[PDB]
>>> print(open('run_3.txt').read())   # compact mmCIF, C-alpha atoms and all ligand atoms
# COMPACT_ATOMS: atom_id res chain seq x y z
CA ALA A 1 0.00 0.00 0.00
CA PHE A 2 1.03 3.66 0.06
CA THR A 3 3.62 3.93 2.85
CA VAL A 4 5.71 6.74 4.24
CA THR A 5 9.15 5.59 5.39
CA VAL A 6 11.77 7.34 7.56
CA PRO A 7 15.36 6.06 7.22
CA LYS A 8 16.00 7.15 10.84
CA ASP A 9 13.36 7.21 13.55
CA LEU A 10 15.74 8.90 16.04
CA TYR A 11 18.00 11.94 15.72
CA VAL A 12 20.47 13.12 18.34
CA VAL A 13 21.45 16.73 17.61
CA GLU A 14 23.62 19.29 19.44
CA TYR A 15 22.19 22.58 20.69
CA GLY A 16 22.73 25.36 18.17
CA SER A 17 23.23 23.18 15.09
CA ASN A 18 21.12 22.60 11.99
CA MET A 19 19.23 19.37 11.45
CA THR A 20 17.50 17.78 8.49
CA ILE A 21 14.86 15.14 9.18
CA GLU A 22 14.27 12.82 6.28
CA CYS A 23 10.94 11.43 5.21
CA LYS A 24 10.25 9.37 2.15
CA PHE A 25 7.29 8.50 0.00
CA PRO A 26 6.83 6.77 -3.37
CA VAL A 27 6.83 8.86 -6.56
CA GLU A 28 5.59 6.77 -9.47
CA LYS A 29 6.31 8.75 -12.63
CA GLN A 30 6.53 12.60 -12.50
CA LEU A 31 5.38 14.39 -9.36
CA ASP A 32 1.90 15.92 -9.18
CA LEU A 33 2.11 18.96 -6.92
CA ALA A 34 -1.62 19.60 -7.04
CA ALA A 35 -2.14 16.29 -5.21
CA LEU A 36 0.77 16.50 -2.76
CA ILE A 37 0.11 17.49 0.82
CA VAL A 38 2.86 17.47 3.44
CA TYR A 39 2.35 18.29 7.11
CA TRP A 40 5.29 18.43 9.49
CA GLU A 41 4.34 18.77 13.14
CA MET A 42 5.85 18.14 16.57
CA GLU A 43 3.51 17.14 19.41
CA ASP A 44 0.54 19.10 18.00
CA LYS A 45 2.60 22.16 16.97
CA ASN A 46 2.43 22.69 13.23
CA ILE A 47 5.88 23.21 11.71
CA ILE A 48 5.18 23.17 7.98
CA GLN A 49 2.22 22.69 5.66
CA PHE A 50 2.91 22.07 1.97
CA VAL A 51 -0.16 22.46 -0.28
CA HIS A 52 -0.45 23.13 -4.00
CA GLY A 53 3.24 23.24 -4.57
CA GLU A 54 3.91 25.85 -1.89
CA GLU A 55 4.93 26.22 1.72
CA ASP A 56 2.13 27.46 3.95
CA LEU A 57 2.99 28.80 7.38
CA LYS A 58 -0.25 30.69 8.30
CA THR A 59 -0.72 28.09 11.04
CA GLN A 60 2.93 27.39 11.85
CA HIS A 61 3.53 27.35 15.60
CA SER A 62 5.53 30.28 16.93
CA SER A 63 8.46 28.22 18.30
CA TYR A 64 9.52 27.50 14.71
CA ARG A 65 9.21 31.03 13.31
CA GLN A 66 11.91 31.58 10.66
CA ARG A 67 13.71 28.33 11.57
CA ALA A 68 11.84 25.67 9.53
CA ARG A 69 11.82 24.98 5.81
CA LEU A 70 10.86 22.06 3.59
CA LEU A 71 13.49 21.28 0.95
CA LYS A 72 11.33 21.81 -2.13
CA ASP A 73 13.89 20.42 -4.61
CA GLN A 74 13.82 16.86 -3.26
CA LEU A 75 10.02 16.47 -3.31
CA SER A 76 10.17 15.38 -6.95
CA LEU A 77 12.42 12.59 -5.68
CA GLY A 78 10.01 11.52 -2.93
CA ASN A 79 12.03 13.17 -0.13
CA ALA A 80 10.07 15.44 2.22
CA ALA A 81 13.07 16.56 4.25
CA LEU A 82 12.47 19.09 7.02
CA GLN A 83 15.35 21.42 7.86
CA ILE A 84 15.44 23.15 11.27
CA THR A 85 18.17 25.77 11.77
CA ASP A 86 19.88 26.46 15.13
CA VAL A 87 18.16 23.73 17.13
CA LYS A 88 16.94 24.56 20.64
CA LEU A 89 16.08 22.45 23.67
CA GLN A 90 12.40 23.17 22.98
CA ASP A 91 12.86 21.30 19.69
CA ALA A 92 13.32 17.97 21.44
CA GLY A 93 10.31 15.65 21.16
CA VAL A 94 8.24 13.54 18.73
CA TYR A 95 7.74 14.82 15.16
CA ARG A 96 5.23 13.49 12.68
CA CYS A 97 5.74 13.53 8.90
CA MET A 98 2.25 13.28 7.32
CA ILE A 99 2.02 12.82 3.56
CA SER A 100 -0.96 12.58 1.23
CA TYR A 101 -0.21 11.62 -2.37
CA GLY A 102 -2.72 9.25 -3.97
CA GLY A 103 -2.92 7.61 -0.60
CA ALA A 104 -1.98 8.85 2.82
CA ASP A 105 0.31 7.83 5.68
CA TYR A 106 2.48 9.29 8.41
CA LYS A 107 5.50 8.34 10.50
CA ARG A 108 6.94 9.46 13.83
CA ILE A 109 10.51 10.58 14.51
CA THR A 110 12.09 11.26 17.90
CA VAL A 111 14.57 14.13 18.21
CA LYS A 112 16.87 14.36 21.24
CA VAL A 113 18.91 17.55 21.89
CA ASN A 114 22.19 17.51 23.85
CA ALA A 115 23.19 20.84 25.30
CA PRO A 116 25.97 22.24 27.48
CA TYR A 117 25.14 23.21 31.04
CA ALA A 118 24.77 26.93 30.34
CA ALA A 119 22.09 26.49 27.68
CA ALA A 120 20.27 23.88 29.76
CA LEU A 121 20.30 26.19 32.78
CA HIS A 122 18.91 29.08 30.76
CA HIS A 123 16.11 26.81 29.54
CA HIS A 124 15.44 25.49 33.06
CA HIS A 125 14.60 29.06 34.21
CA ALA B 1 -8.87 24.68 0.89
CA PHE B 2 -9.87 21.12 1.79
CA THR B 3 -10.52 21.25 5.53
CA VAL B 4 -11.69 18.72 8.13
CA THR B 5 -14.08 20.08 10.78
CA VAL B 6 -15.51 18.71 14.02
CA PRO B 7 -18.91 19.88 15.32
CA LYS B 8 -17.64 19.13 18.87
CA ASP B 9 -14.02 19.19 19.94
CA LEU B 10 -14.79 17.79 23.42
CA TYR B 11 -16.99 14.85 24.41
CA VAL B 12 -17.81 14.01 28.03
CA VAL B 13 -18.98 10.39 28.20
CA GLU B 14 -20.23 8.20 31.05
CA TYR B 15 -18.41 4.93 31.78
CA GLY B 16 -20.21 2.08 30.09
CA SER B 17 -22.14 4.14 27.56
CA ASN B 18 -21.77 4.36 23.79
CA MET B 19 -20.04 7.23 22.03
CA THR B 20 -20.10 8.62 18.49
CA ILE B 21 -17.56 11.29 17.60
CA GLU B 22 -18.16 13.21 14.40
CA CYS B 23 -15.68 14.39 11.83
CA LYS B 24 -16.77 16.25 8.68
CA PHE B 25 -15.16 16.84 5.28
CA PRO B 26 -16.43 18.33 1.98
CA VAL B 27 -18.01 15.96 -0.52
CA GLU B 28 -18.57 17.68 -3.87
CA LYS B 29 -21.08 15.43 -5.63
CA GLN B 30 -21.21 11.73 -4.64
CA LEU B 31 -18.46 10.26 -2.51
CA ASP B 32 -15.76 8.42 -4.48
CA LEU B 33 -14.56 5.59 -2.27
CA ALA B 34 -11.55 4.84 -4.45
CA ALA B 35 -10.13 8.24 -3.49
CA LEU B 36 -11.09 8.19 0.21
CA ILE B 37 -8.80 7.50 3.14
CA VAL B 38 -10.13 7.76 6.72
CA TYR B 39 -7.87 7.16 9.70
CA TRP B 40 -8.95 7.26 13.36
CA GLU B 41 -6.34 7.03 16.07
CA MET B 42 -6.10 7.76 19.78
CA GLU B 43 -2.73 8.78 21.29
CA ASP B 44 -0.76 6.67 18.78
CA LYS B 45 -3.08 3.61 18.76
CA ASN B 46 -4.84 2.97 15.48
CA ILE B 47 -8.60 2.63 15.83
CA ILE B 48 -9.81 2.43 12.24
CA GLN B 49 -8.14 2.49 8.83
CA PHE B 50 -10.47 2.93 5.89
CA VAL B 51 -8.49 2.69 2.69
CA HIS B 52 -10.07 3.20 -0.71
CA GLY B 53 -13.44 1.78 0.12
CA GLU B 54 -12.78 -0.87 2.71
CA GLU B 55 -11.97 -1.17 6.41
CA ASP B 56 -8.49 -2.22 7.44
CA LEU B 57 -8.00 -3.29 11.07
CA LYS B 58 -4.96 -5.56 10.52
CA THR B 59 -3.26 -2.69 12.44
CA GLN B 60 -6.07 -2.06 14.93
CA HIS B 61 -4.84 -1.90 18.50
CA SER B 62 -6.23 -4.52 20.88
CA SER B 63 -7.95 -1.94 23.10
CA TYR B 64 -10.55 -1.37 20.35
CA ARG B 65 -11.12 -4.99 19.28
CA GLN B 66 -14.83 -5.51 18.52
CA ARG B 67 -15.84 -2.09 19.96
CA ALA B 68 -15.10 0.41 17.16
CA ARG B 69 -16.99 0.93 13.96
CA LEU B 70 -17.03 3.53 11.24
CA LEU B 71 -20.57 4.41 10.14
CA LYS B 72 -20.51 3.69 6.40
CA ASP B 73 -23.77 5.53 5.81
CA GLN B 74 -22.47 8.79 7.19
CA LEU B 75 -19.25 8.67 5.18
CA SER B 76 -21.45 9.01 2.13
CA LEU B 77 -22.68 12.29 3.71
CA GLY B 78 -19.14 13.51 4.36
CA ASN B 79 -19.20 12.57 8.07
CA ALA B 80 -16.52 10.09 9.19
CA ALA B 81 -18.35 9.24 12.41
CA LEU B 82 -16.58 6.87 14.80
CA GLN B 83 -18.68 4.84 17.23
CA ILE B 84 -17.06 3.21 20.27
CA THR B 85 -19.35 0.98 22.32
CA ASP B 86 -19.17 0.51 26.12
CA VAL B 87 -16.70 3.29 26.79
CA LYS B 88 -14.06 2.67 29.47
CA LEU B 89 -11.72 4.94 31.43
CA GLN B 90 -8.86 3.93 29.13
CA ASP B 91 -10.80 5.43 26.19
CA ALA B 92 -10.24 8.94 27.60
CA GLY B 93 -7.70 11.02 25.67
CA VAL B 94 -6.92 12.81 22.39
CA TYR B 95 -8.43 11.29 19.24
CA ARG B 96 -7.27 12.27 15.78
CA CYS B 97 -9.43 12.06 12.69
CA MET B 98 -7.26 12.09 9.52
CA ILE B 99 -8.93 12.33 6.13
CA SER B 100 -7.46 12.30 2.64
CA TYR B 101 -9.90 13.05 -0.16
CA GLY B 102 -8.49 15.20 -2.94
CA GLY B 103 -6.68 17.00 -0.18
CA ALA B 104 -5.84 16.03 3.36
CA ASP B 105 -6.40 17.39 6.85
CA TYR B 106 -6.90 16.21 10.39
CA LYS B 107 -8.52 17.31 13.60
CA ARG B 108 -8.14 16.42 17.26
CA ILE B 109 -11.03 15.58 19.57
CA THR B 110 -10.75 15.27 23.37
CA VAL B 111 -12.75 12.60 25.21
CA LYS B 112 -13.27 12.69 28.98
CA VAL B 113 -14.80 9.72 30.79
CA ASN B 114 -16.70 10.19 34.04
CA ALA B 115 -16.73 6.95 36.05
CA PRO B 116 -18.14 5.68 39.34
CA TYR B 117 -15.74 4.96 42.18
CA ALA B 118 -15.74 1.17 41.66
CA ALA B 119 -14.76 1.32 37.98
CA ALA B 120 -12.11 3.89 38.83
CA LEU B 121 -10.79 1.59 41.56
CA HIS B 122 -10.63 -1.41 39.23
CA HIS B 123 -8.77 0.70 36.70
CA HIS B 124 -6.45 2.11 39.41
CA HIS B 125 -5.22 -1.33 40.62
CA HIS B 126 -5.22 -3.41 37.40
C1 LIG C 201 -3.91 5.92 7.07
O1 LIG C 201 -4.39 7.23 6.85
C2 LIG C 201 -3.44 8.24 7.10
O2 LIG C 201 -2.40 7.88 7.59
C3 LIG C 201 -3.75 9.72 6.76
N1 LIG C 201 -4.94 10.20 6.40
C4 LIG C 201 -4.88 11.50 6.19
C5 LIG C 201 -3.57 11.94 6.42
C6 LIG C 201 -3.08 13.39 6.33
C7 LIG C 201 -3.75 14.40 7.00
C8 LIG C 201 -3.29 15.73 6.88
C9 LIG C 201 -2.16 16.04 6.12
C10 LIG C 201 -1.49 15.01 5.46
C11 LIG C 201 -1.95 13.71 5.56
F1 LIG C 201 -1.29 12.71 4.90
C12 LIG C 201 -2.86 10.80 6.79
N2 LIG C 201 -1.47 10.75 7.15
>>> encode(input="run_3.txt", output="structure tokens", more="lines below")
Ligand SMILES: COC(=O)c1[nH]cc(-c2ccccc2F)c1N
Amino acid sequence: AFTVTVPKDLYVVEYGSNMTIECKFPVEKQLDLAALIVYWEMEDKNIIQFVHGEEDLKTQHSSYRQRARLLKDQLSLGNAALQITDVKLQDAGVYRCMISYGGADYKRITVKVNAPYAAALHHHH
Amino acid sequence: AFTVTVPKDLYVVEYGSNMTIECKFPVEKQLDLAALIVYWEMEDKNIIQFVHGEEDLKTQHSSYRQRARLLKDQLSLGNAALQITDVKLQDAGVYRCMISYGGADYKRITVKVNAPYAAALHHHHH
């Protein structure tokens, strides 16, 4: 059946770095943007919506303002990679990659963030 | 755009009663089953998969065995209504209705279960 696959279900990233979370889906012949829907969310916070060939962020949660983008170029290859710049402790948690493309599926990915003491302390208070 | 809507985002149900949680989506003319995907889950446990015109429960979690049903008649009206019979305290939580039909969207629905002391006790020490 139509299945979304994630090569890695767990990422361990360092505070302050960039991360790309990979998410795959079958592309039969040439990609039909009008039928492609991608949601990226993390525990109910919308990160990215991709509808009609364009990024929509009118409902993007505020913690990801200016830091999230979907790599448009790889969609035609079946790669819905989400790139998060300068990762923060608040970015740790469970992400969901939800794809609709003649069929619909989603997968979960856990992100862990390591951070030095100073950053962790600032986040603690 | 194609949008899923819920008439009620919160249900309060009594232990041991039946529950039907509604989930709406636009149907232009007549519903085309070959294009329809309906997916009902509750905090990561699959309740119902309805893929291009037929129910799949080969991935249905055990907690919903024999108790969950998708009302085929209301799908044809654009309502993906989920009925859970004899609701238990474990059924409380966040449900997600995910629909793909020339477009895709989902909504969350919260269920609270009021229970008498005895059922709550049995659940507390199981
Ligand atoms: C098995 O049915 C499913 O898994 C499913 N149904 C609908 C979706 C969906 C919902 C909003 C955006 C994108 C989507 F793909 C989905 N993942």
>>> closest_residue(input="run_3.txt", among="A:117, A:95, A:101, A:40", to="chain B", atoms="all atoms listed in the file")
A:101
>>> interface_residues(input="run_3.txt", of="chain A", to="chain B", cutoff="7 Å", atoms="all atoms listed in the file", output="VMD selection string")
chain A and resid 35 37 100 103 to 104
>>> closest_residue(input="run_3.txt", among="B:12, B:113, B:68, B:42", to="residue 97 of chain B", atoms="only C-alpha atoms")
B:42
>>> atom_distance(input="run_3.txt", atom1="atom CA of residue 109 of chain A", atom2="atom CA of residue 8 of chain A")
7.4 Å
>>> atom_distance(input="run_3.txt", atom1="atom CA of residue 52 of chain A", atom2="atom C11 of ligand LIG 201 (chain C)")
13.5 Å
>>> closest_residue(input="run_3.txt", among="A:49, A:66, A:59, A:79", to="residue 22 of chain A", atoms="all atoms listed in the file")
A:79
>>> closest_residue(input="run_3.txt", among="B:87, B:48, B:109, B:71", to="ligand LIG 201 (chain C)", atoms="only C-alpha atoms and all ligand atoms")
B:48
>>> atom_distance(input="run_3.txt", atom1="atom CA of residue 79 of chain B", atom2="atom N2 of ligand LIG 201 (chain C)")
17.8 Å
>>> closest_residue(input="run_3.txt", among="A:4, A:119, A:113, A:81", to="ligand LIG 201 (chain C)", atoms="all atoms listed in the file")
A:4
>>> closest_residue(input="run_3.txt", among="A:45, A:72, A:124, A:67", to="residue 85 of chain A", atoms="all atoms listed in the file")
A:67
>>> residues_near_point(input="run_3.txt", point="(6.2, 28.4, 9.2)", cutoff="9 Å", atoms="all atoms listed in the file", output="compact mmCIF listing (two decimals) with C-alpha atoms, keeping the file's coordinate frame")
# COMPACT_ATOMS: atom_id res chain seq x y z
CA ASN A 46 2.43 22.69 13.23
CA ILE A 47 5.88 23.21 11.71
CA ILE A 48 5.18 23.17 7.98
CA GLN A 49 2.22 22.69 5.66
CA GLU A 55 4.93 26.22 1.72
CA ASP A 56 2.13 27.46 3.95
CA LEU A 57 2.99 28.80 7.38
CA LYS A 58 -0.25 30.69 8.30
CA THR A 59 -0.72 28.09 11.04
CA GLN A 60 2.93 27.39 11.85
CA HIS A 61 3.53 27.35 15.60
CA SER A 62 5.53 30.28 16.93
CA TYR A 64 9.52 27.50 14.71
CA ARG A 65 9.21 31.03 13.31
CA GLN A 66 11.91 31.58 10.66
CA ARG A 67 13.71 28.33 11.57
CA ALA A 68 11.84 25.67 9.53
CA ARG A 69 11.82 24.98 5.81
>>> residues_around(input="run_3.txt", residues="residue 29 of chain A", least_positions_apart="2", cutoff="12 Å", atoms="all atoms listed in the file", output="PyMOL selection string")
chain A and resi 26-27+31-32+76-78
>>> residues_around(input="run_3.txt", residues="residue 65 of chain B", least_positions_apart="6", cutoff="12 Å", atoms="only C-alpha atoms", output="list in words")
residues 45, 46, 47, 48, 57, 58, 59, 84, 85 and 86 of chain B
>>> residues_around(input="run_3.txt", residues="residue 122 of chain A", least_positions_apart="6", cutoff="12 Å", atoms="only C-alpha atoms", output="list in words")
residues 88, 89, 90, 115 and 116 of chain A
>>> build_atoms(input="run_3.txt", residues="segment 15-27 of chain B", atoms="N, CA and C atoms", output="PDB file, in the frame of the given file")
ATOM      1  N   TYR B  15     -18.914   6.297  31.811  1.00  0.00           N
ATOM      2  CA  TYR B  15     -18.410   4.930  31.780  1.00  0.00           C
ATOM      3  C   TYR B  15     -19.527   3.957  31.395  1.00  0.00           C
ATOM      4  N   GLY B  16     -19.241   3.090  30.437  1.00  0.00           N
ATOM      5  CA  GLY B  16     -20.210   2.080  30.090  1.00  0.00           C
ATOM      6  C   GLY B  16     -21.241   2.483  29.059  1.00  0.00           C
ATOM      7  N   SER B  17     -21.215   3.716  28.590  1.00  0.00           N
ATOM      8  CA  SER B  17     -22.140   4.140  27.560  1.00  0.00           C
ATOM      9  C   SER B  17     -21.454   4.074  26.200  1.00  0.00           C
ATOM     10  N   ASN B  18     -22.241   4.326  25.163  1.00  0.00           N
ATOM     11  CA  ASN B  18     -21.770   4.360  23.790  1.00  0.00           C
ATOM     12  C   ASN B  18     -21.435   5.782  23.375  1.00  0.00           C
ATOM     13  N   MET B  19     -20.501   5.912  22.438  1.00  0.00           N
ATOM     14  CA  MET B  19     -20.040   7.230  22.030  1.00  0.00           C
ATOM     15  C   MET B  19     -19.856   7.317  20.519  1.00  0.00           C
ATOM     16  N   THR B  20     -20.325   8.408  19.916  1.00  0.00           N
ATOM     17  CA  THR B  20     -20.100   8.620  18.490  1.00  0.00           C
ATOM     18  C   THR B  20     -19.501   9.989  18.278  1.00  0.00           C
ATOM     19  N   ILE B  21     -18.273  10.029  17.772  1.00  0.00           N
ATOM     20  CA  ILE B  21     -17.560  11.290  17.600  1.00  0.00           C
ATOM     21  C   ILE B  21     -17.485  11.595  16.127  1.00  0.00           C
ATOM     22  N   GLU B  22     -17.936  12.793  15.771  1.00  0.00           N
ATOM     23  CA  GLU B  22     -18.160  13.210  14.400  1.00  0.00           C
ATOM     24  C   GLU B  22     -16.945  13.912  13.837  1.00  0.00           C
ATOM     25  N   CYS B  23     -16.811  13.796  12.523  1.00  0.00           N
ATOM     26  CA  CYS B  23     -15.680  14.390  11.830  1.00  0.00           C
ATOM     27  C   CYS B  23     -16.108  14.620  10.389  1.00  0.00           C
ATOM     28  N   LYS B  24     -16.171  15.879   9.964  1.00  0.00           N
ATOM     29  CA  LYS B  24     -16.770  16.250   8.680  1.00  0.00           C
ATOM     30  C   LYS B  24     -15.692  16.638   7.669  1.00  0.00           C
ATOM     31  N   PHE B  25     -16.034  16.484   6.388  1.00  0.00           N
ATOM     32  CA  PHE B  25     -15.160  16.840   5.280  1.00  0.00           C
ATOM     33  C   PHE B  25     -16.020  17.079   4.046  1.00  0.00           C
ATOM     34  N   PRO B  26     -15.591  17.964   3.140  1.00  0.00           N
ATOM     35  CA  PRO B  26     -16.430  18.330   1.980  1.00  0.00           C
ATOM     36  C   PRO B  26     -16.534  17.186   0.989  1.00  0.00           C
ATOM     37  N   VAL B  27     -17.755  16.917   0.543  1.00  0.00           N
ATOM     38  CA  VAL B  27     -18.010  15.960  -0.520  1.00  0.00           C
ATOM     39  C   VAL B  27     -18.705  16.721  -1.642  1.00  0.00           C
TER      40      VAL B  27
END
